[PDB]
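> Chains as they are written, first to last, in the entry's author numbering: chain A, 35 to 194, 201 to 253, 262 to 403, 411 to 435; chain A', 35 to 194, 201 to 253, 262 to 403, 411 to 435. A prime marks a further copy of an entry chain. Questions regarding the structure given below will be posed in turn.
Number of protein chains: 2
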Amino acid sequence: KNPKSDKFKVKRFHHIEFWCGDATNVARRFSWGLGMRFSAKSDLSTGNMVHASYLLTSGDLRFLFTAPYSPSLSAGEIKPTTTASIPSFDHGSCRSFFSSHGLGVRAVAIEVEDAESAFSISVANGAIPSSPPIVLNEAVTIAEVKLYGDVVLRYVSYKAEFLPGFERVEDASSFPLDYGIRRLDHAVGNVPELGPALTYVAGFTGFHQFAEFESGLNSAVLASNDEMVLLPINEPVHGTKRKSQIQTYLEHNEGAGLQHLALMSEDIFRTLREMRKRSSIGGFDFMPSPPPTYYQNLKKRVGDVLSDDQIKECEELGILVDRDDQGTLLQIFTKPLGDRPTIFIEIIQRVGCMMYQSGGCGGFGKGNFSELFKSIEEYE
Amino acid sequence: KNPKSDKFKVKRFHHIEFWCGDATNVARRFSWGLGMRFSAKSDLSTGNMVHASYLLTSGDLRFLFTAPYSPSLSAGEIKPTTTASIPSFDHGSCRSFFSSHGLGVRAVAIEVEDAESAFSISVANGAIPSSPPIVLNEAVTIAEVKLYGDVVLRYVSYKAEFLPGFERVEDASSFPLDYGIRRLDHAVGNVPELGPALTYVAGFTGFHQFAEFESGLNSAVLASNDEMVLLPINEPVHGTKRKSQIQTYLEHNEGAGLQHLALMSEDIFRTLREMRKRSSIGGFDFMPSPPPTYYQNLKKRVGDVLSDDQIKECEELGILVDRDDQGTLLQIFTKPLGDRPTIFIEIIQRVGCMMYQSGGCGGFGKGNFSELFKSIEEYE
Ligand SMILES: Cc1c(C(=O)c2c[nH]n(C)c2=O)ccc(S(C)(=O)=O)c1C1=NOCC1
Ligand SMILES: Cc1c(C(=O)c2c[nH]n(C)c2=O)ccc(S(C)(=O)=O)c1C1=NOCC1
Ligand SMILES: [Co+2]
Ligand SMILES: [Co+2]
């Protein structure tokens with residue numbers, strides 16, 4: 035059941051913004067590790083004396099890496115005279131975010147029809163304002179409200201090229217990498233209490249709970273009208289044998305924040321081959337693969353969807369598999385993206401639910424908690 | 035003339051430590067960009083609740099990348115109970131360094147016979163103490179004094201594997217990259233006033249001025273007894289037509305600091321081929337090459353040292369060439385390593401002065424300032 039109760043018109047995920055201490059180095063690492071090309075910049079070379087921002091793109095996926103310059107470069111400016119291309123940016127906020135959380139996501143940005151309306155309606159419905167709507171070069175409106183922890187939900191809308205003041209990256213600098221990643225599927229937050237977090241976010245968006253079908265967590269998924277914007281939220285379960293990974297997140301992150309980003313690949317096998325090639329030469333590592341018993345147990349579960357070959361390929365790459373009552377999903381998880389055991393990345397591909412493919416086809420892998428535990432009872 | 039006036043026994047450059055906001059991402063980028071393997075770690079997985087430190091090595095070159103964790107992970111510790119592997123580390127100092135300077139070098143570390151003696155004698159001779167000598171697992175002594183800005187000169191000495205508490209990196213994680221870089225040749229500081237900086241550093245080390253042979265700078269090189277430890281220092285020249293790049297450094301860095309690191313390659317041609325292959329896929333960019341007139345002018349200057357082929361190869365790669373009265377050097381410069389126009393890297397290879412090769416053979420490229428200007432008068 036989907037009540038389609040969005041309080042304003044939402045389109046798709048637009049971009050994810052990381053707040054960094056050095057944007058160059060994080061961006062170059064991510065570019066090579068994920069096969070995303072350098073697409074636009076806003077920095078000293080573009081007249082921006084406030085922050086360095088570098089945009090990586092793969093298909094529709096947009097990753098933005100931003101870091102502050104010395105405040106002294108812009109000490110003469112005021113907000114009316116600012117050279118920043120992202121007017122919500124604040125040196126103190128950025129430095130405090132990075133020093134508190136380490137590398138992580140500051141903004142989950144969605145495109146909307148009218149960012150000013152989305153902000154006003156959100157705030158009228160309990161959203162805590164973070165940055166008021168601002169119109170950029172009479173073309174793009176941007177506004178921000180608090181999502182959880184120090185993460186904001188950013189509304190972007192276009193009257194009619202990333203943002204004004206960003207320049208296209210020179211053809212010599214932008215190598216056309218591509219490992220098959222195409223768009224953001226979902227963005228997951230970790231909080232201490234799921235109930236109040238859900239109430240808040242569902243409160244100001246009108247997003248509805250996405251239906252699904262004891263490992264230390266409870267969760268729930270909020271979804272937009274066409275369920276293409278998917279925002280799961282986790283809370284820890286205390287008192288379990290194995291200490292809750294959600295609680296470990298909260299301790300090392302210094303509170304709530306974005307836990308993982310799920311990136312849809314048009315070919316998860318090519319994506320994982322390409323990423324695994326680069327794990328030890330500057331890219332990303334992957335969590336330990338499941339035991340071969342897990343892959344022997346796949347024939348009974350998805351033998352009508354994956355051939356023995358495609359199952360074998362899953363085993364080569366460590367890919368996990370789950371199934372809805374509607375569809376099937378292939379997924380796998382990176383190790384944390386930075387120093388702390390906090391944010392990681394999920395690679396996903398969904399099979400089924402053709403109408411275009413409907414959102415969340417196959418679910419989010421909830422069944423893989425039990426199937427992993429069961430399969431990892433292969434000590435005999 | 036070399037008075038060999040070191041006030042304590044100095045061996046060689048031991049390592050360079052960068053202070054980062056996320057050590058993982060900087061280290062992975064540098065590893066791929068420079069062909070340096072992951073050699074040791076000290077982090078959560080090794081019991082270090084204070085800082086993440088990752089060591090990259092190429093030949094004798096050691097690059098250390100360190101970032102702080104949340105202070106809360108170690109809030110119960112005191113210095114006697116610390117889990118940090120680098121006892122000089124301080125959360126507040128590291129965060130203040132990175133927020134003030136952005137990504138850059140915190141420590142120039144040299145190996146000495148006796149780090150406790152080197153510290154005591156240095157401080158008796160005007161050095162500003164930064165971290166007192168501390169003995170690690172009864173095996174290694176480490177001590178730090180101020181060098182310039184927020185950069186320290188670190189003394190390391192071994193009674194008899202990087203530092204205690206560091207673990208070797210698993211054979212699966214450490215890919216054996218190597219683009220030919222073998223050791224640190226020199227480390228250059230930028231200061232507002234050369235005179236007082238030289239007086240200070242020469243004051244507490246006994247390092248002597250290295251002999252050499262209007263583009264906006266003055267400089268001088270301090271050297272150890274065998275002139276294998278080489279510490280040049282620059283100051284800006286104000287009032288020139290083209291604004292002093294040294295002054296631009298000081299403004300964007302918020303004061304004095306390490307300007308460039310010069311890394312010796314055993315084969316600069318292979319090194320530059322390998323690095324240039326990776327410039328646009330996560331590695332380092334290089335400054336704009338000189339005009340072909342520069343390379344036509346090379347036959348008269350080094351035609352007795354480089355063949356037409358090796359000169360042509362220089363032209364392919366943008367390599368610059370200078371000559372002492374003793375030797376010849378090949379050099380080239382990266383664009384800044386991070387967001388700010390501050391620290392960059394020099395790749396160098398020296399030809400001549402065989403006895411082993413004596414330090415600074417060929418100089419530092421001072422003649423290339425005039426030769427670049429002259430050659431870049433090719434507008435007709
Ligand atoms: C995060 C995760 C998902 C996941 O993406 C979602 C679950 N719920 N929602 C809304 C999600 O997006 C699915 C399976 C597993 S797993 C390895 O157990 O098979 C895991 C992990 N557990 O810890 C490490 C990775
Ligand atoms: C830094 C530099 C050196 C250099 O390494 C040293 C000079 N003195 N000392 C002690 C040095 O180590 C040599 C030639 C040039 S250059 C491009 O002019 O030919 C440059 C640069 N100028 O600005 C950009 C790079
Ligand atoms: Co997920
Ligand atoms: Co140099």
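Note that beta-carbon positions come from the ideal geometry of N, C-alpha and C, so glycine has one too.
Output the distance between the C-alpha atoms of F202 of chain A and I120 of chain A', rounded to the nearest integer angstrom.
Approximately 43 Å between the Cα atoms of the pair.
> Taking the straight line between their C-alpha atoms, what separation do you get for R188 of chain A' and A242 of chain A'?
Looking at the two C-alpha atoms, the distance is approximately 15 Å.
> Under 6 Å from any heavy atom of ligand 4, by CB: list those residues in chain order, please.
This selection yields A':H226, A':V228, A':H308, A':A310, A':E394, A':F419.
> Alpha helix (DSSP H) containing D357 of chain A': first to last residue?
Counting along the chain, the alpha helix (DSSP H) containing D357 of chain A' begins and ends at 356-365.
> How about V350 of chain A and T376 of chain A: are their beta carbons less than 9 Å apart?
In contact: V350 of chain A and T376 of chain A (Cβ atoms closer than 9 Å).
> If you draw a straight line from the alpha carbon of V209 of chain A to that of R71 of chain A, how long is it in whole angstroms?
The alpha-carbon atoms of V209 of chain A and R71 of chain A are separated by roughly 10 Å.
> Let me make sure I understand the geometry here. Which of A:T116, A:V185, A:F99, A:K35 has the alpha-carbon closest to that of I281 of chain A?
Checking every option, the nearest Cα to that of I281 of chain A belongs to A:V185.
> If you follow the beta strand (DSSP E) that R71 of chain A' is in, where does it begin and where does it stop?
From DSSP, the beta strand (DSSP E) with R71 of chain A' extends over 71-76.
> Distance, Cα to Cα, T80 of chain A' vs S292 of chain A'?
Straight-line Cα distance between these residues: approximately 45 Å.
> Below 7 Å between beta carbons is the criterion; list the residues of the stretch 143-163 of chain A that meet it against any residue of chain A', in chain order.
Answer in chain order: no residues at all.
> Using only the heavy atoms of ligand 3, determine whether one of them is closer than 8 Å to the beta carbon of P336 of chain A'.
Flag unset: Cβ of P336 of chain A' not near ligand 3.
> Beta-carbon of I294 of chain A versus every beta-carbon of chain A': anything under 9 Å?
Answer no: the Cβ-Cβ gap between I294 of chain A and chain A' never drops below 9 Å.
> When you compare the stretch 359-367 of chain A' with the stretch 326-341 of chain A', are there three or more beta-carbon pairs, one atom per stretch, that lie closer than 8 Å?
Taking 8 Å as the limit for Cβ pairs, the verdict is that the stretch 326-341 of chain A' does touch the stretch 359-367 of chain A'.
> Anyone know if the C-beta pair for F244 of chain A and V353 of chain A falls short of 9 Å?
No, these two residues do not count as a Cβ contact at 9 Å.
> Assuming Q397 of chain A and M276 of chain A make a contact with CB atoms under 8 Å, what is their CB distance in whole Å?
16 Å between Cβ atoms; not a contact.
> What residues from chain A' crowd round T319 of chain A, counting only those whose CB sits closer than 8 Å?
Under the 8 Å cutoff, chain A' gives no residues; its nearest Cβ is about 17 Å from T319 of chain A.
> Roughly how many angstroms separate the alpha carbons of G305 of chain A' and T91 of chain A, rounded to a whole number?
For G305 of chain A' and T91 of chain A, the distance between alpha carbons rounds to 35 Å.
> Should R208 of chain A be flagged as near chain A', meaning a C-beta pair shorter than 9 Å?
Not closer than 9 Å to any Cβ of chain A', the Cβ of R208 of chain A fails to qualify, so no.
> Which of the three DSSP states, helix, strand or coil, is assigned to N282 of chain A?
Strand at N282 of chain A.
> Where do the N-terminal and C-terminal ends of the alpha helix (DSSP H) with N159 of chain A' fall, by residue?
No alpha helix (DSSP H) contains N159 of chain A', which DSSP labels as neither H nor E.
> In chain order, what are the residue ranges of uninterrupted alpha helix (DSSP H) at least 4 long that sit wholly in the stretch 306-358 of chain A?
With a minimum length of 4 residues, the continuous alpha helix (DSSP H) runs that stay inside the stretch 306-358 of chain A are 316-325, 340-344, 346-350.
> Is the number of C-beta pairs between the stretch 49-61 of chain A' and the stretch 87-107 of chain A' that are closer than 8 Å three or more?
These segments touch.
> For a quick check, are the C-beta atoms of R388 of chain A' and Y103 of chain A less than 9 Å apart?
Yes, the pair counts as a contact, with Cβ atoms nearer than the cut-off.
> Would you say the beta carbon of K193 of chain A' is closer than 8 Å to some non-hydrogen atom of ligand 1?
No, since every heavy atom of ligand 1 falls outside the 8 Å radius drawn around the Cβ of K193 of chain A'.
> Excluding five sequence neighbours on each side, which residues of the same chain lie with their C-beta closer than 7 Å to the C-beta of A118 of chain A'?
Cβ neighbours of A118 of chain A' beyond the five flanking positions: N82, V84, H85.
> Is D370 of chain A near ligand 1, in the sense that its beta carbon is under 8 Å from a heavy atom of that ligand?
Yes, ligand 1 has a heavy atom inside 8 Å of this Cβ.
> Please classify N171 of chain A' as buried or exposed, where buried requires at least 16 neighbouring CB atoms within 10 angstroms.
With fewer than 16 Cβ atoms within 10 Å of its Cβ, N171 of chain A' is classed as exposed.
> Does the structure place the stretch 164-182 of chain A close enough to the stretch 133-143 of chain A' that three or more beta carbon pairs sit under 8 Å?
No contact exists between the stretch 133-143 of chain A' and the stretch 164-182 of chain A.
> Listed in chain order, which residues of the stretch 294-315 of chain A have Cβ atoms closer than 9 Å to some Cβ of chain A'?
Within the stretch 294-315 of chain A, the qualifying residues are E299, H300, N301, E302.
> Can you list the residues of chain A that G330 of chain A' reaches, using a CB-CB cut of under 7 Å?
Result: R62, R63, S65, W66, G330.
> Taking the alpha carbon of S76 of chain A as the reference point, which residue from A:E207, A:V190, A:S106 has its own alpha carbon closest?
Closest by alpha carbon: A:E207.
> How many angstroms separate the CA atom of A57 of chain A from the CA atom of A101 of chain A'?
When rounded, the distance between both Cα atoms is 15 Å.
> Counting only Cβ pairs nearer than 7 Å, list the residues of chain A close to residue 408 of chain A'.
You won't find residue 408 of chain A' in this model, because chain A' goes from 403 right to 411.
> Fully enclosed by the stretch 43-96 of chain A', which alpha helix (DSSP H) runs are 4 residues long or longer?
The qualifying runs are 57-68.
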